[PDB]
Amino acid sequence: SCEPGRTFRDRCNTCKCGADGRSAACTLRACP
């Protein structure tokens, strides 16, 4: 579901894809 090590947007949130491409750590923020 994600490219390992890639930083991507999900809504206005910023996510880093985990090594397995099967996980991510997300910084949550509001959209306008």
# chains A, B, ... in the order shown; residues from 1 in each chain; ligands from 1
>>> residues_around(residues="residue 32 of chain A", least_positions_apart="2", cutoff="10 Å", atoms="only C-alpha atoms", output="MDAnalysis selection string")
chainID A and resid 12 29:30
>>> residues_around(residues="residue 22 of chain A", least_positions_apart="6", cutoff="10 Å", atoms="only C-alpha atoms", output="count of residues only")
4
>>> select_by_dssp(residues="chain A", states="strand (DSSP E)", output="list in words")
residues 7, 8, 9, 10, 13, 14, 15, 16, 17, 24, 25, 26 and 27 of chain A
>>> write_last_selection(atoms="C-alpha atoms", output="CSV table (one decimal), in the first residue's frame")
chain,number,residue,atom,x,y,z
A,7,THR,CA,7.2,10.5,2.3
A,8,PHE,CA,3.6,11.0,1.0
A,9,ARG,CA,0.5,13.2,1.8
A,10,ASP,CA,-2.7,11.6,3.1
A,13,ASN,CA,-1.2,14.6,6.9
A,14,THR,CA,2.4,13.7,6.2
A,15,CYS,CA,3.3,10.0,6.3
A,16,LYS,CA,6.6,8.1,6.0
A,17,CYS,CA,6.2,4.6,4.5
A,24,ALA,CA,3.5,4.2,8.0
A,25,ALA,CA,4.0,6.9,10.7
A,26,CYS,CA,1.9,9.9,10.1
A,27,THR,CA,2.0,13.6,11.3
